[PDB]
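The values are calculated or read from the model by the stated rules, or taken from the named source; none is laboratory data. Neighbour counts run over all protein chains shown; Cβ positions are idealised from the backbone, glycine included.
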Ligand SMILES: Cc1ccc(NC(=O)c2ccc(CN3CCN(C)CC3)cc2)cc1Nc1nccc(-c2cccnc2)n1
Ligand SMILES: Cc1ccc(NC(=O)c2ccc(CN3CCN(C)CC3)cc2)cc1Nc1nccc(-c2cccnc2)n1
Ligand SMILES: CC(=O)NC1=NN(c2ccc(Cl)c(Cl)c2)CC1
Ligand SMILES: CC(=O)NC1=NN(c2ccc(Cl)c(Cl)c2)CC1
């Protein structure tokens, strides 16, 4: 189909970010001299390729082409010039990447998730390490990959192996906490083998330093024990666009002073 | 239909805002931009007079009209939604180490900037108070007018001159001769300043409404509240000059806050 391209069109450079993403390489799509990202390799691979042709949205990593006729196989996406969000936040300049920016990043991510909610997709591994940063603080959600990230995992997935858009809502709340702490690890110091029983007894992380009340209110809503008591991503996204607009106006008033 | 008219199906109506706190105002969604909005509904000339007034007011610190639905009943007036609600309850509930002196200065500055605009456009507010302001993310403050004398029960509004007045916000010339002007808004702003410095205490605490007029005419004024800076208290007092023409203009008040805010 339209997405198939010759492996010759791509100059495969070297493996991306010290291989921390696995078999994903920096590449050059030669006809356009365009730096791209290339996943190489089995039927899960083709399933991923099949899914990525079905999703398009400003804040989801954009598929550019595939190579699926003979090995080795390629999934080709855009290259995001600032890398993954967790490392960005951990190394950023906090006076440039300030509260208006942090809010902008959460708004974009909730936008991607509302889109996946709308098309009935589930993410299953939402976290800062799975998001990418471009120019102008553009953020796009991606998915790089008995092995959980327990600290991002909703109670019904720990206990019953049930995943849903609502367990992505749970993980979105933890991602908010990652943003608010510029990429600290959640539940600081807490034995991850006791997290399930702590959650069952209504333990949650306290508001991190500097986090706005309403953002923390949304985190706590994301962390409701019942999946059905959690907000939809449409509700979360609406709350963030409304906040982001208020914050942008306040930012301009402040500059004008 | 003019340029503000919007199709009803552009809005998802969700539920009464504050559950009826504000009367026939609903929380809604402007779907195409994923924005929460406030929607005022007619359960008529006065309704459309309000919409017409708001079509002339565009300022960062005033509530912004987004559209109206006037093709068939029920009629809608649509504005933005402010995440943190009204300023009075916000001040009463906030975390004071987060909402500190510089944020209070910032909120007063934004409110004075909105009133300077109303002054320049020759509008009068007539009911300026913390309960009529809204707070948004990143300490945004916007001035609104909810028509609260109709909705609010309690001692805030009391009968006077065949009307309802917030006595403790009302300038003397308005209490006495029912005369309202931008200078009686300047009086109310001084009281609003005192609401801010006290994180939302009721003005003239412990003094009965029956006493307020006589006290003000005999030159009583509220004391500087604990922690309020002296130059901010000086502005309050200038706002509470007995003769309306001795009160400062909102242009002057905003300039004074501008200067203060950048020295901090
Ligand atoms: C090279 C590649 C191959 C495949 C993918 N795929 C995805 O990112 C993805 C996102 C969402 C889904 C949707 N899916 C639906 C169902 N559930 C279960 C899972 C998610 C699937 C794949 C991305 C990439 N891009 C990628 N990968 C790793 C690193 C980088 C990268 C690193 C640094 C700078 N720029 C880019 N870029
Ligand atoms: C939905 C609506 C419809 C109309 C209005 N109108 C005004 O706010 C207003 C402000 C200034 C004037 C100027 N006017 C000029 C002269 N006269 C004398 C008085 C003032 C007129 C109307 C607001 C709203 N918004 C509104 N109403 C109630 C509650 C809320 C609300 C509550 C919580 C969070 N966010 C929003 N929001
Ligand atoms: C160290 C520090 O002060 N962090 C604070 N986090 N803020 C924040 C703003 C918007 C969002 Cl969405 C989130 Cl999650 C957090 C503001 C500043
Ligand atoms: C309880 C308490 O300490 N209140 C004080 N109010 N201050 C204040 C600063 C600027 C302005 Cl414009 C205003 Cl109105 C008040 C600072 C702190």
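Output the residue which, of all residues in the range B:85-99 that are buried (at least 16 other Cβ atoms within 10 Å of the Cβ) and more than 30 Å from residue B:9 (Cα to Cα), is nearest to the other protein chains (Cβ to nearest Cβ). Steps first, answer last, please.
At the first step, the residues of the range B:85-99 found to be buried (at least 16 other Cβ atoms within 10 Å of the Cβ) are B:85-91, B:94, B:99.
Remaining after also requiring more than 30 Å from residue B:9 (Cα to Cα): B:87-91, B:94, B:99.
Working: B:87: 14, B:88: 16, B:89: 13, B:90: 10, B:91: 13, B:94: 8, B:99: 10 Å.
Ranking the candidates gives B:94 first.
Go through the range B:18-52 and give me each residue that's near ligand 2 (Cβ under 10 Å from one of its atoms), outside any strand (DSSP E or B) and within 13 Å of chain A (Cβ to nearest Cβ).
none
How about the range A:74-172: which strands (runs of 3 or more DSSP E) wholly inside it have at least 1 residues that are under 22 Å from residue A:244 (Cβ atoms) and away from ligand 2 (no atom under 16 Å from the Cβ)?
Per the criteria, A:131-133, A:139-141.
Table: residues versus (1) within 22 Å of residue A:106 (Cβ to Cβ); (2) loosely packed, with under 14 Cβ neighbours inside 10 Å; (3) away from chain B (no Cβ under 14 Å).
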position: A:195; (1), (2), (3): no, no, yes
position: A:207; (1), (2), (3): yes, no, no
position: A:216; (1), (2), (3): yes, no, no
position: A:226; (1), (2), (3): no, yes, yes
position: A:229; (1), (2), (3): yes, yes, yes
position: A:241; (1), (2), (3): yes, no, no
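Which condition breaks for residue A:109 when tested against (1) touching a strand residue (DSSP E or B) at 6+ places or on another chain (Cβ under 7 Å); (2) over 20 Å from residue A:227 (Cβ atoms); (3) within 14 Å of chain B (Cβ to nearest Cβ)?
The one condition residue A:109 does not meet is (2).
Here is a yes/no grid of residues against (1) crowded, with 16+ Cβ neighbours inside 10 Å; (2) more than 13 Å from the chain's Cα centre (by Cα); (3) not assigned by CATH to the domain that holds residue B:53:
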site: B:116; (1), (2), (3): yes, yes, yes
site: B:123; (1), (2), (3): yes, yes, yes
site: B:132; (1), (2), (3): yes, no, yes
site: B:142; (1), (2), (3): yes, no, yes
site: B:162; (1), (2), (3): no, yes, yes
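Just to be sure before I move on: is residue B:154 loosely packed, with under 13 Cβ neighbours inside 10 Å, on the phi > 0 side of the Ramachandran plot and more than 14 Å from chain A (Cβ to nearest Cβ) in the structure I sent? It would help to see each step written out before you state the result.
On the way: loosely packed, with under 13 Cβ neighbours inside 10 Å: yes; on the phi > 0 side of the Ramachandran plot: yes; more than 14 Å from chain A (Cβ to nearest Cβ): yes.
When the stated conditions are applied, residue B:154 passes them.
One line per residue, one yes/no per condition, for (1) surrounded by fewer than 21 Cβ atoms within 10 Å (Cβ to Cβ); (2) at positive phi; (3) in contact with a helix residue (DSSP H, G or I) (Cβ under 8 Å, 6 or more places away or on another chain):
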residue	(1), (2), (3)
B:22	yes, no, yes
B:27	yes, no, yes
B:42	yes, no, no
B:45	yes, no, no
B:53	yes, no, no
B:56	yes, no, no
B:68	no, no, yes
B:77	no, no, yes
B:83	no, no, yes
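Which numbered condition in (1) away from ligand 4 (no atom under 16 Å from the Cβ); (2) on the phi < 0 side of the Ramachandran plot; (3) surrounded by 13 or more Cβ atoms within 10 Å (Cβ to Cβ) is the only one that residue B:61 fails?
Unmet condition: (1).
Report the residue count in the range A:173-208 for those that are touching a helix residue (DSSP H, G or I) at 6+ places or on another chain (Cβ under 8 Å) and not in a helix (DSSP H, G or I).
11
Residues A:49, A:37: which one is crowded, with 20+ Cβ neighbours inside 10 Å, under 18 Å from the mean Cα position of the chain (by Cα), near ligand 1 (Cβ under 10 Å from one of its atoms) and within 22 Å of residue A:8 (Cα to Cα)? Quick ask: steps written out before the conclusion?
Values: A:49 fails: under 18 Å from the mean Cα position of the chain (by Cα).
After ruling out the rest, the residue left standing is A:37.
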